[PDB]
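One chain is shown next in C-alpha cells, namely the form deposited in one PDB entry.
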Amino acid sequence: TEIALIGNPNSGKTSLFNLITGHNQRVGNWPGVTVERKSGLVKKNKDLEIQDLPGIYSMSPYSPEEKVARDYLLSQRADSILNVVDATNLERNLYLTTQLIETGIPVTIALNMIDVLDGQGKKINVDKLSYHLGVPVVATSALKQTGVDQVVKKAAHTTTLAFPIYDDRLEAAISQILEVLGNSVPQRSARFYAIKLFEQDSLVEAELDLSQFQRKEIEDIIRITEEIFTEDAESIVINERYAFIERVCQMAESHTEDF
C-alpha cells in the first residue's frame, strides 16, 4: 500500500515521515526543505510504503519542487493521500485539501501542529471538521509525538467517494464537462480534471490531449455557465472553494453539541 504525504510546505511532512519510518530526512523551519520524493517503509506495518514529497500550496503550483508533488499525485501511483494540514493555518491549508479530494485518491488528514494550536489556547472540533470535509481527520503532533501511529493506521484503512459539493449551477457544468471527457482522463481523477478545465488551467489544458470537438464543447459549457453565474470561470471556482472552506472552518471552530 502506497501512502503519500501531501500538504503545504513547512507543515511537518518530513517530521512525520521520520517518526513513521525511523529515517532522519531533512527537517527545517522554513518552506521548501524537501525537494524530491523519499520512500520508506512504515515501521509498525511493513506492508505500507510511505512517500515524503516536497510541499505544495495548490494543484496549480509555482515552483519545480511543487511540480514534483503534483506530477507524483497525477501519476496515479498513490493508494492513499495522507494530507498533512497545519492546524494553526487551517483555512489556507484546506485550499489544497479540497483539490486533493477531487483526485479521487482517498484522503486522510493529519491535523498537525496541534500542540501549537493548544498553546495558542485554541481548539478545532475534529469530528465536525471530518464530517463536513467528508474525510477522516486525526490530530497529530510530530513534536509531542501524538496521533502519529493512529493517522497512519487510518490512512492505510482508506485504501481497502464524497467530494466537496459546490453551487448547483457549477455542479451542472462539472457534470457536463465529465460527459464530454469520457475516458480521456483517468476515471478516479475525472472531477479534478473537469474542474481544472472549467477554470481553463494552462497546465491541464496542455497535459490532456483533447480533440477539437471536446475542446469546443467545453468552451461552450464554460461560456453558458459564466452567463448563468454572471462571473468569469476562474472566479467561480476559486469563490466556490473559498465559500466551502469558510463553512467548514466555521464548523471546525464550533464546539456546540449537535442534537
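Note that residue numbering follows the sequence shown and begins at 1. Rigid core: the largest C-alpha set superposing within 1.5 Å between the two forms.
Beyond the structure shown, there is the form deposited in another entry, which is absent from this document and is the topic of what follows.
After superposition on the rigid core, the Cα atom of residue 25 is displaced by 2 Å or more between the shown form and the other one. Once you line up the core between the shown form and the other one, the Cα of residue 69 ends up 2 Å or more from where it was. Relative to the superposed core, residue 219 undergoes a Cα shift smaller than 2 Å between the shown form and the other one. Between residue 151 and residue 29, the Cα spacing is larger in the other entry than in the shown form, differing by no less than 3 Å.
Note: residue 34-residue 11 Cα separation is 3 Å or more longer in the other entry than here.
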